[PDB]
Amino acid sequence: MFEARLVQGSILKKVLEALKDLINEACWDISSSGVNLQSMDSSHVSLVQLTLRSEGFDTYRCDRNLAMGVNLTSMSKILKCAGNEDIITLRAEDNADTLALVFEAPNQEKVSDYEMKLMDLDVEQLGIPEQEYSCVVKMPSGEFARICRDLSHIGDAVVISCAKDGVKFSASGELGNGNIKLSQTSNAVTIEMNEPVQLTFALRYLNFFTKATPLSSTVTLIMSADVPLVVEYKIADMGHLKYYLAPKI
């Protein structure tokens, strides 16, 4: 049987709050090492890669390696029924068509048991050439979210450009045009440029990603010429949440 117990249930709540809007269906890969997930939106414009190492769990067991197809909308709803300090436990049989979620209230007197149904899914194989670390940006996750929200009012897309003055985000609309410039001096925002890069992206998806903001204090942006953008959030020494995004033209 599979059994994964997590003390900080907030993490799982936060995870699905991030995915549900970006992705509806997804397959959960389980192993002796931990929990992983990988799926692309219907438009294949974006890809998600989740990693949750077993060592992060208070109690972990996985006899047989699994691949659980799931409705993330249906699954996020169940996690609404969880509190931010409920110990969450996931449970399933070696041959599972259902997934069991158990929330333990900290009051030590309330225990919820939700059991959801799985779906048969067509998984995708990939496919990735490893990044040229042409331009990399470490900065507060909130600030990134703010930036994406601001320019979302201006236009439908953003132009990101690197230099050693720093990195720059630009949007344009019938209203006007706006440019936010970021410079390094800490320490905190950090810009490591090896080459000047310049690409365009859709703000819609960036605004989806930023709902993963609560997971990390910082966000990382790996950018390379004519290859998809990478947006990474670390998950408290438990793993990482990685967003891939395809540019335009």
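A residue's number is simply how far along the shown sequence it sits, counting from 1.
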property: Size class of the missing deposited segment between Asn187 and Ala188; result: 4 to 9
property: 139-147 versus 106-114 - greater average Cα B-factor per the deposited record; result: 106-114
property: Given 211-219 and 22-30, the range whose Cα B-factors average higher in the PDB entry; result: 22-30
property: Deposited CA B-factor, highest of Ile87, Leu101, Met75, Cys162; result: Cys162
property: Options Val35, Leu206, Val197, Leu47 - largest CA temperature factor per the record; result: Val197
property: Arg64, C-alpha B-factor rank within chain (lowest, middle or highest third); result: highest
property: CA B-factor placement of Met1, once the chain's modelled residues are sorted into thirds; result: highest
property: Record-listed C-alpha B factor of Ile249: chain third; result: highest
property: Lowest, middle or highest third - CA B-factor, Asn95; result: highest
property: Modelled-residue ranking by C-alpha temperature factor, third containing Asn179; result: lowest
